[PDB]
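Here is the structure we will look at.
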Amino acid sequence: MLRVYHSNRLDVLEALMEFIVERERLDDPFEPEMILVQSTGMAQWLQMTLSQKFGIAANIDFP
DNA sequence: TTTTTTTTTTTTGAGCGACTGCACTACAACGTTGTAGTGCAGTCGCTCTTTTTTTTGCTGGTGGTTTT
């Protein structure tokens, strides 16, 4: 199902992504997680925020 | 295939046009001489702007910097 989350800032969207990750876990542990980004810098900032939120940011692809 | 020395600067404006001095003949005043007009040459001032006009792909799209 296609889901669009309207928000004013990206911190609430990162909290929603954290809630989706902690709610629904992947069946395969080595299955990659695709996070579509605008650029490499936004991918690095999202990896920084996911490392600060989860404690670990690994096996996450930013295509 | 190897390798040596070394510390002195220079030069540069020219054509256009006038000022002044000396020679040179034409002609009228008193055969000869003084004044006037022009030619030629040495010397010298002067003077040489202003300015601005543009398209280029931010990531146009299997793209993306950096660690063992």
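Chain labels follow the order of the structure tokens: the first chain is A, the next B, and so on; residue numbering restarts at 1 in every chain, and ligands are counted from 1 in their shown order.
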
Any idea what's packed within 7 Å of region 55-62 of chain A, counting only C-alpha atoms (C1' of nucleotides), ignoring anything in its chain fewer than 6 positions away? Could you give it as a PyMOL selection string? chain A and resi 32-37+43+47

Using only C-alpha atoms (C1' of nucleotides), find the residues of chain B whose closest atom to chain A is at most 10 Å away, then write them as a list in words. residues 59, 63 and 64 of chain B

If you keep N, CA and C atoms (P, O5', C5', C4', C3', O3' and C1' of nucleotides), can you produce a file of those selected residues as a PDB file, in the first residue's frame?
```pdb
ATOM      1  P    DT B  59      25.615  19.520 -11.463  1.00  0.00           P
ATOM      2  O5'  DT B  59      24.360  18.621 -11.076  1.00  0.00           O
ATOM      3  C5'  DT B  59      24.209  17.285 -11.584  1.00  0.00           C
ATOM      4  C4'  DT B  59      22.982  16.653 -10.972  1.00  0.00           C
ATOM      5  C3'  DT B  59      21.710  17.479 -11.141  1.00  0.00           C
ATOM      6  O3'  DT B  59      20.924  16.944 -12.206  1.00  0.00           O
ATOM      7  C1'  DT B  59      21.953  16.632  -8.878  1.00  0.00           C
ATOM      8  P    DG B  63      25.222   4.718 -11.967  1.00  0.00           P
ATOM      9  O5'  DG B  63      25.115   6.309 -11.833  1.00  0.00           O
ATOM     10  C5'  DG B  63      25.891   7.153 -12.682  1.00  0.00           C
ATOM     11  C4'  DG B  63      25.583   8.612 -12.414  1.00  0.00           C
ATOM     12  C3'  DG B  63      26.068   9.133 -11.058  1.00  0.00           C
ATOM     13  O3'  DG B  63      26.959  10.223 -11.243  1.00  0.00           O
ATOM     14  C1'  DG B  63      23.809   9.772 -11.475  1.00  0.00           C
ATOM     15  P    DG B  64      28.467  10.130 -10.698  1.00  0.00           P
ATOM     16  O5'  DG B  64      28.306  10.201  -9.108  1.00  0.00           O
ATOM     17  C5'  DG B  64      27.733  11.352  -8.500  1.00  0.00           C
ATOM     18  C4'  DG B  64      27.592  11.156  -7.000  1.00  0.00           C
ATOM     19  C3'  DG B  64      28.829  10.576  -6.306  1.00  0.00           C
ATOM     20  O3'  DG B  64      29.141  11.335  -5.143  1.00  0.00           O
ATOM     21  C1'  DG B  64      26.912   9.305  -5.759  1.00  0.00           C
TER      22       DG B  64
END
```

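Secondary structure by DSSP on the backbone puts the following residues of chain A in helix (DSSP H, G or I): residues 10, 11, 12, 13, 14, 15, 16, 17, 18, 19, 20, 21, 22, 23, 40, 41, 42, 43, 44, 45, 46, 47, 48, 49, 50, 51, 52, 53 and 54 of chain A.
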
Keeping only C-alpha atoms, write the selected residues as an mmCIF file, in the first residue's frame.
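Final output, selection_28.cif:
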```cif
data_model
loop_
_atom_site.group_PDB
_atom_site.id
_atom_site.type_symbol
_atom_site.label_atom_id
_atom_site.label_comp_id
_atom_site.auth_asym_id
_atom_site.auth_seq_id
_atom_site.Cartn_x
_atom_site.Cartn_y
_atom_site.Cartn_z
ATOM 1 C CA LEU A 10 11.932 16.099 8.613
ATOM 2 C CA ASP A 11 12.329 15.260 12.324
ATOM 3 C CA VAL A 12 8.710 14.100 12.617
ATOM 4 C CA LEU A 13 9.211 12.038 9.452
ATOM 5 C CA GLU A 14 12.347 10.485 10.962
ATOM 6 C CA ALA A 15 10.337 9.675 14.100
ATOM 7 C CA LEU A 16 7.656 8.085 11.895
ATOM 8 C CA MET A 17 10.326 6.032 10.106
ATOM 9 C CA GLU A 18 11.699 4.980 13.510
ATOM 10 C CA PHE A 19 8.191 3.923 14.569
ATOM 11 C CA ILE A 20 7.726 1.948 11.334
ATOM 12 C CA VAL A 21 11.090 0.194 11.812
ATOM 13 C CA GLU A 22 10.445 -0.629 15.486
ATOM 14 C CA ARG A 23 6.857 -1.695 14.741
ATOM 15 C CA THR A 40 24.577 11.960 -0.964
ATOM 16 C CA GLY A 41 24.593 14.658 1.720
ATOM 17 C CA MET A 42 20.979 14.022 2.695
ATOM 18 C CA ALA A 43 21.817 10.302 2.771
ATOM 19 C CA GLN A 44 24.701 11.019 5.161
ATOM 20 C CA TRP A 45 22.457 13.205 7.342
ATOM 21 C CA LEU A 46 19.767 10.503 7.425
ATOM 22 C CA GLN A 47 22.419 7.915 8.316
ATOM 23 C CA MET A 48 23.601 10.223 11.120
ATOM 24 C CA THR A 49 20.063 10.605 12.481
ATOM 25 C CA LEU A 50 19.376 6.858 12.225
ATOM 26 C CA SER A 51 22.636 6.131 14.054
ATOM 27 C CA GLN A 52 21.683 8.655 16.743
ATOM 28 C CA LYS A 53 18.172 7.203 17.077
ATOM 29 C CA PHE A 54 18.798 3.444 16.821
#
```

So what do you get for CA of residue 25 (chain A) versus CA of residue 8 (chain A), distance-wise? 26.7 Å

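When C1' of residue 15 (chain B) is paired with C1' of residue 48 (chain B), their separation reads 11.5 Å.
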
In Å and to one decimal, CA of residue 5 (chain A) is distant from CA of residue 26 (chain A) by 20.9 Å

Please return, as a PyMOL selection string, all residues of chain A that DSSP assigns to strand (DSSP E or B) on the basis of the backbone. chain A and resi 33-34+60-61

Using only C-alpha atoms, please write the residues we just selected to a file, as a tab-separated table (two decimals), in the first residue's frame.
```
chain	number	residue	atom	x	y	z
A	33	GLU	CA	16.51	-1.44	3.50
A	34	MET	CA	16.09	1.03	0.63
A	60	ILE	CA	20.72	0.36	4.90
A	61	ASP	CA	21.08	1.29	1.23
```

Please identify all polymer residues within 12 Å of residue 21 (chain B), counting only C-alpha atoms (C1' of nucleotides), omitting same-chain residues fewer than 2 positions from it, and present them as a short mmCIF file (atom, residue, chain, number, x, y, z; two decimals) with N, CA and C atoms (P, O5', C5', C4', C3', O3' and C1' of nucleotides), in the first residue's frame.
```
data_model
loop_
_atom_site.label_atom_id
_atom_site.label_comp_id
_atom_site.auth_asym_id
_atom_site.auth_seq_id
_atom_site.Cartn_x
_atom_site.Cartn_y
_atom_site.Cartn_z
P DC B 19 56.22 84.66 -34.47
"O5'" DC B 19 57.46 84.77 -33.47
"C5'" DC B 19 58.42 83.72 -33.43
"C4'" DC B 19 59.73 84.20 -32.84
"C3'" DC B 19 60.18 85.57 -33.30
"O3'" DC B 19 61.05 86.15 -32.33
"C1'" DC B 19 61.59 83.90 -34.24
P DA B 23 76.15 88.11 -44.30
"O5'" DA B 23 75.40 87.82 -45.69
"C5'" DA B 23 75.46 86.51 -46.26
"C4'" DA B 23 74.40 86.32 -47.33
"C3'" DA B 23 74.56 87.18 -48.59
"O3'" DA B 23 74.38 86.35 -49.73
"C1'" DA B 23 72.38 87.40 -47.74
P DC B 40 65.00 79.32 -51.22
"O5'" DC B 40 66.01 79.24 -49.98
"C5'" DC B 40 67.38 79.58 -50.17
"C4'" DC B 40 68.16 79.51 -48.86
"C3'" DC B 40 67.94 78.23 -48.04
"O3'" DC B 40 69.21 77.71 -47.65
"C1'" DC B 40 67.63 80.15 -46.69
P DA B 41 69.35 76.21 -47.09
"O5'" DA B 41 69.89 76.42 -45.60
"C5'" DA B 41 70.98 77.31 -45.37
"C4'" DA B 41 71.03 77.75 -43.92
"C3'" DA B 41 70.75 76.63 -42.90
"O3'" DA B 41 71.75 76.64 -41.89
"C1'" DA B 41 69.39 78.51 -42.46
P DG B 42 72.06 75.31 -41.04
"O5'" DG B 42 71.95 75.80 -39.52
"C5'" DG B 42 72.83 76.82 -39.04
"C4'" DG B 42 72.25 77.50 -37.81
"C3'" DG B 42 71.85 76.56 -36.67
"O3'" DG B 42 72.37 77.04 -35.43
"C1'" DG B 42 70.04 77.98 -37.24
P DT B 43 72.23 76.16 -34.10
"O5'" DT B 43 70.88 76.70 -33.42
"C5'" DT B 43 70.74 78.08 -33.11
"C4'" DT B 43 69.38 78.38 -32.50
"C3'" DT B 43 68.88 77.36 -31.47
"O3'" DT B 43 68.56 78.02 -30.25
"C1'" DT B 43 67.19 77.86 -33.05
#
```
